[PDB]
Amino acid sequence: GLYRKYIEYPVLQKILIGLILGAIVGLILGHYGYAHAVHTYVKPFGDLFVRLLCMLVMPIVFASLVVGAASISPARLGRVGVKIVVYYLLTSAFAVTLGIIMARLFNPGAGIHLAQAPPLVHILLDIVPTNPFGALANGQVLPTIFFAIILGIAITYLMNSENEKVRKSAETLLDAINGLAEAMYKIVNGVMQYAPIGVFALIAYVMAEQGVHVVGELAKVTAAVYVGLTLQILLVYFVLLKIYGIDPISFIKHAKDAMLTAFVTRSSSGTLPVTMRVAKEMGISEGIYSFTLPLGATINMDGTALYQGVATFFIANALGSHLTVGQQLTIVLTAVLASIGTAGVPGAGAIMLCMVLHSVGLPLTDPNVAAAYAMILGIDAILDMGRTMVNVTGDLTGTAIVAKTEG
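Rules and cut-offs
- Each chain's residues are numbered sequentially from 1 according to the written sequence, a convention that need not reproduce the entry's numbering, and residues without coordinates are excluded.
- Side-chain numbers come from the whole structure's heavy atoms, not from hydrogens or water.
- Only runs of H or I of at least four residues qualify as helices and only runs of E of at least two qualify as strands under DSSP, and these elements are numbered from the N terminus.
- To estimate the expected span of a helix, count its residues, drop one, and scale the result by 1.5 Å.
- The classification of residues rests on relative accessible area computed with a 1.4 Å probe and restricted to protein chains. Under 20% of the type maximum is buried, over 50% is exposed, and intermediate values are partly exposed.
- Any residue with an atom within 4 Å of a point lines the site, the site being either a cavity, points on a 1 Å grid over the protein atoms alone where a 1.4 Å probe fits but cannot get out, or a pocket, an open set with protein on both sides within 12 Å along at least 5 of 7 lines.
- Grid points are joined across faces, edges and corners, and a volume is the space filled by probe spheres set on the points.
- Three classes are used, and their members are as follows: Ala, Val, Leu, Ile, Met, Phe, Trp, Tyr, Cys and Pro are nonpolar, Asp, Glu, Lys and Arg are charged, and the others, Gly among them, are polar.
- Here, two residues are considered to be in contact whenever any of their heavy atoms come within 4.5 Å of each other.
- Pairing of aromatic rings covers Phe, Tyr and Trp, the last through its six-membered ring, and needs centres within 6.5 Å; plane angles under 30 degrees mean stacked, over 60 mean edge-to-face, and all others mean tilted.
- As a reminder, the over-ring test applies to NZ of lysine and CZ of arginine, requiring each to be within 6 Å of the ring centre and within 35 degrees of the ring normal.
- Polar contacts here mean pairs of N or O atoms no more than 3.5 Å apart (in protein, one a potential hydrogen donor and the other a potential acceptor; neighbouring residues in sequence count only if both atoms are side-chain atoms).
- Salt bridges are counted wherever a side-chain nitrogen of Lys or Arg sits within 4 Å of a carboxyl oxygen of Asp or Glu.
- Here, axes are lines fitted to C-alpha atoms. For helices the fit covers the stretch in contact, and angles between N-to-C directions go from 0 to 180 degrees.
- Here the word oblique covers every angle except those under 35 degrees (roughly parallel), over 145 (roughly antiparallel) and from 65 to 115 (roughly perpendicular).
- For any helix crossing, the convention is left-handed if the near helix is rotated counterclockwise from the far helix by under a right angle, and right-handed if that rotation is clockwise.
- A residue's bend is given by the angle between axes fitted to the 7 residues ending at it and the 7 residues starting at it.

Going by the header, the method for this PDB entry is cryo-EM, and the resolution given is 3.52 Å.

Quick look at the structure:
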């Protein structure tokens, strides 16, 4: 069947064919005068994709962090877990200040001109929600991050209670929330199946209404991701191995297969048996990598910082505004903190792009924001490839360092 042949086709080879045929059609219709037809006919096939991406940002964020923070064992994270969560806190501080520097050296969105701050004691006091249901009903991503982590921790204090009724009740609540999380992981597969038509429509009406300087500046955001990404490999992981004695040249020759696997499959959780194979081939003992790789699958803020350091700068310069370094540090550190614990799930790109509109602060009713937010939702697939690639090699680096220290 034709529908079965269309679904059976792989997704990463489908969004790219959607994107190329979007850009070509939007150029050859944007030049030939037929452009008001695109905004009335093709644009609602992309607006539904933008709404489908924002439909599932909140149940993923709640039901993923509850079932994630209810997996924390306080006796498992004794010595190796502390070294890991100090390592990722060190590497995230390099990734933020390198994704900001590479967004500053490039100018993503300089010539796509289409055409008020709370204090630091207010944001950290607005993290705590006054109403958790009201934090879910509104947008309020970071309050439901906080309430989800608190509810996730407070269940494992009940599941090992001396009682049985509260233990059975806590198990049933955790299983219901885990079922909601798996349902929202199953929905994102159908949304990504719809994604070629949506990316086609979005980039088609963008190239139709603007022209060729969109692809001129869109071959700049991808460049500012990727040359900051390889630089974050060569200036962080290549020196963190050379400090701890392990030669980084043979490290890449070992981890090339896991890097290419994570590049193609576009998901760090799925490429885990390939990733543990390289860890076994590098002489790392079973317990070490068996603990650290499923931890680095979930909590690893390396690619998200490199993406949102340049995506927020592009969505700010494309909208006409202008940002300083101390004014965008407090936005990059907000988006990265909002995407915590939810970067290895299949719904990571949804939250990474929904924390861009909340980074601007303008709704999706104004046509200038909706014409610049689609421009990054076009190339999020090409960015997600390198994002997963730099996540997986960072996982391998943090396993190798801790294994060298323990051995």
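> Where do I start with helix α15 (residues 303-317) in this structure?
Since the α-helix packs 3.6 residues into each turn, any two residues three or four apart lie on the same face. Helix length check: α15 (15 residues) gives 22 Å between terminal C-alpha atoms against 21 Å at 1.5 Å per residue, within 8%. The element α15 is largely enclosed, with a buried count of 15 among its 15 residues.

> Explain the layout of surface pockets to me, please; I cannot follow it from the model alone.
Sizing a probe to match a water molecule and rolling it over the atoms shows the empty space that remains. Considering only enclosed or pocket space, the second largest pocket measures out at about 810 Å³ in volume. Looking at the second largest pocket, it is lined by 31 residues, and the ones nearest its centre are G68, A69, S71, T298 and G341. Looking at the lining of the second largest pocket, the elements that each hand over two or more residues are α5 (57-69), α9 (141-159), α10 (165-209) and α14 (286-298). When its residues are assigned to classes, the lining of the second largest pocket shows 20 nonpolar, nine polar and two charged.

> Explain the side chain of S161 to me, please; I cannot follow it from the model alone.
By the element assignment, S161 lies in the loop between α9 and α10. Taking relative accessible area as the criterion, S161 reaches 14% and is therefore assigned buried. In this structure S161 touches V166 and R167, once residues within four positions along its chain are discounted.

> Sorry if this is basic, but what is going on with the environment of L295 here?
In this fold, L295 is placed in helix α14. Expressed as a C-alpha distance, the spacing of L295 and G341, which sit 46 residues apart in the sequence, is 10.0 Å.

> Would you mind showing me how to read the packing of aromatic side chains here?
Two numbers describe a pair of aromatic rings. These are the distance of the centres and the angle of the planes. One pass over the structure, following the stated rule, counts two aromatic pairs. On the numbers, 5.3 Å between centres and 55 degrees between planes, the contact of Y87 with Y88 is tilted. Each of the two residues, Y87 as well as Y88, counts as buried. Between the NZ or CZ atom of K14 and the centre of the ring of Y6, over which it lies, the distance is 4.8 Å. Its end group placed over the ring of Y307, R387 keeps NZ or CZ at 4.7 Å from the ring centre.

> Would you mind showing me how to read the environment of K83 here?
Locating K83 in the fold gives a position in helix α6 (residues 80-105). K83 has contacts with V402, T405 and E406, leaving out every residue within four places of it along the chain. In this structure the side chain of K83 is engaged in a polar contact, spanning 2.4 Å, whose partner is the side chain of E406.

> Help me understand the pattern of salt bridges in this model?
Between side chains of opposite charge, a pair can form as their charged atoms come close. In total, this model carries ten salt bridges according to the counting rule given. In this structure, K220 engages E217 in a salt bridge whose closest nitrogen and oxygen atoms are separated by 2.7 Å. Of this pair, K220 and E217 both sit in helix α11 (residues 213-243), three residues apart, which is roughly one turn of the helix. According to the relative accessible area criterion, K220 is partly exposed, its value standing at 24%. Taken together, the shared-partner salt bridges in this structure form one network comprising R266, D380, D384 and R387.

> Can you help me understand the environment of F62 in this one?
Relative to the helices and strands, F62 is located in helix α5. For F62, a relative accessible area of 14% puts it in the buried group. Sequence-wise, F62 and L27 are 35 residues apart; in three dimensions their C-alpha atoms are separated by 41 Å. For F62, the residues in contact, after removing those within four places along its chain, are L136, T144, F147, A148, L151 and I177.

> What is the right way to read the side chain of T292 from this model?
With respect to the element layout, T292 can be found in helix α14. Those residues in contact with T292 that lie beyond four places of it in its chain are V80, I84 and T399.

> Sorry if this is basic, but what is going on with the packing of α15 against helix α17 (residues 348-360) here?
Between two packed helices, what matters for the description is the angle formed by their axes and the separation of those axes. Remark: α15 packs on α17, axes separated minimally by 10 Å, with the N-to-C direction vectors making an angle of 40 degrees. Taken together, the axes of α15 and α17 lie oblique to each other. The handedness of the crossing between α15 and α17 comes out as right-handed. On α17, the residues touching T304, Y307, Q308, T312 and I315 of α15 are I351, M352, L353, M355, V356, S359 and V360. A class-by-class count of the residues in the contact of α15 with α17 yields eight nonpolar, four polar and no charged.

> Looking at this structure, I do not really get helix α12 (residues 248-265). What am I missing?
For α12, which comprises 18 residues, the first-to-last C-alpha distance of 25 Å matches the rise-based estimate of 26 Å (1.5 Å per residue) to within 8%. Along α12, the helix axis deviates most sharply at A255, where the bend reaches about 50 degrees. Regarding α12, the residues found buried are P248, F251, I252, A255, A258, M259 and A262. On its buried face, α12 sits against α11, α13 (272-281) and α20 (380-406). Trailing α12 by a residue or two, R266 shows a phi angle of about 60 degrees, which is positive.

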